[PDB]
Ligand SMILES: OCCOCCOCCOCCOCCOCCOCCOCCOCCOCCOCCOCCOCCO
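As a starting point, one isolated chain is supplied in structure tokens, in the form deposited without the ligand.
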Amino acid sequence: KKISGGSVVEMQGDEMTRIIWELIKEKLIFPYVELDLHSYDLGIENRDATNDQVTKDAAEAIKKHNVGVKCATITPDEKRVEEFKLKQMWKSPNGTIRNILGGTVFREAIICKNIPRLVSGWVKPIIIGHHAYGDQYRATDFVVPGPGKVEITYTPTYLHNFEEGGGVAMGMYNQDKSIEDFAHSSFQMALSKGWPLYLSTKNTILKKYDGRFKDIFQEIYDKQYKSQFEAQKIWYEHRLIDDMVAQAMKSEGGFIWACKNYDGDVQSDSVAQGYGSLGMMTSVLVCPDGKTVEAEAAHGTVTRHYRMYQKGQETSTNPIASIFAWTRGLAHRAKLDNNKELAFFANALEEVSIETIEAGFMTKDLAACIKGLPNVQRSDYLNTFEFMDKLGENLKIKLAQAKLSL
């Protein structure tokens, strides 16, 4: 008999990750787990053909069933429009889903003991959350073509005066609800992992903007979470950005870092490339309710490897991030459904994945972290299919051993 997994929304993606996604389902998931599966094809051709409606349908399904697992997808640019003769330069499906669900995306590395990190002291990951654009947080910019007068007004006035040539201008807004969501999601994520949370900001050039974040986080923390935080021996703290990197540099990890800048970062984003390889980084979209999540690999579709696969050439694409999307999705599914057997399985597959790598069986990217790419020989790593087979083989052994303990 298989494990009764329950309701899961799955989203198929593009290029190399799509290949790997099917191998994961065929070899690691479906042999052991029966799922009420709600499948949406977010591959670029089906998105074009549906006018991106499939992305919206998928997001609504996640809102309804609480658990999404998604494969990496192509975000179209001009070259992609010419390649697929697309109808429009469609918006990132990640953006569209995150917008509809209202969540915050949190990136978390998978640490293996034999893989170097930026800072060798890190034994647990530092989870980094971002405040991204949505329905209630957006910006327009435009080319100021010549001399004039830019103003920004509020109707129930704030000035430049352009007297010489041209330039550019912009505007940006943020509703309290958008910030409250970001706060809620971040506290929910902290309670889930049992780790402390830090909101980072900088400097206060836009003082009234950053102050609204600090205040909203503090208000929500004091009134709805502090009791639950102390209960788990954890805390919330606002922190400056420089003190945040300082702390990261000198810690073992195991905290959540909610980053607040004007749609990205230089040093938040630097920590997330400091765990060796892009194949070891997952995303989890966490909604304010605590109840709904969407799991996804943080990397892209791995186009370069896909082109090799199309020419029949050997690839060594790391499936770990994609596997951990399934395991973190299924783990959340199990917590909602109170399903002991599925929670066990999800954890088992995570253990097998790390054990396999720690035992010396790995894809080329991870071999390169250890040895340096110039020193990597073919004997040092497995190809995409060899590594998936090795995982599949170890997973079977692990679950067989579990069953043999009565």
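Heads up, when I say rigid core I mean the largest set of C-alphas that superpose within 1.5 Å between the two forms. Note that residue numbering follows the sequence shown and begins at 1.
One more form of this protein should be noted, the form deposited with the ligand bound, which is absent from this view; the next part is about it.
Heavy atoms of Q12 reach within 4.5 Å of the ligand in the entry with it bound, making it an interface residue. In the entry with it bound, at least one heavy atom of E45 sits within 4.5 Å of a heavy atom of the ligand. Proximity of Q88 to the ligand in the entry with it bound: non-hydrogen atoms within 4.5 Å are absent; the residue sits far from the partner.
Of the heavy atoms in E386, none are within 4.5 Å of the ligand in the entry with it bound. Contact with the ligand in the entry with it bound, judged by any heavy atom within 4.5 Å, is made by just one of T140, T153, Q310, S227: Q310. Interface residue among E26, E341, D380, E355 relative to the ligand in the entry with it bound, by the heavy atom within 4.5 Å criterion: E26. Residues of 6 to 25 that come within 4.5 Å of the ligand in the entry with it bound, judged by any heavy atom, are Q12, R18, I19, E22, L23 in sequence order. Here the rigid core is superposed between the shown form and the other one, and of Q224, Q136, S192, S92 the C-alpha of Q136 is the only one to shift by 2 Å or more. Annotation: Cα of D269 displaced by at least 2 Å between the shown form and the other one, core superposition. With the core superposed, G148 shows a C-alpha displacement of at least 2 Å between the shown form and the other one.
Once both forms are fitted on their rigid core, the CA atom of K233 lies less than 2 Å apart between the shown form and the other one. In contrast to the form presented, in the entry with it bound the C-alpha positions of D269 and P196 spread farther apart by 3 Å or more.
Relative to the shown form, the CA atoms of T50 and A139 are pushed 3 Å or more farther apart in the entry with it bound.
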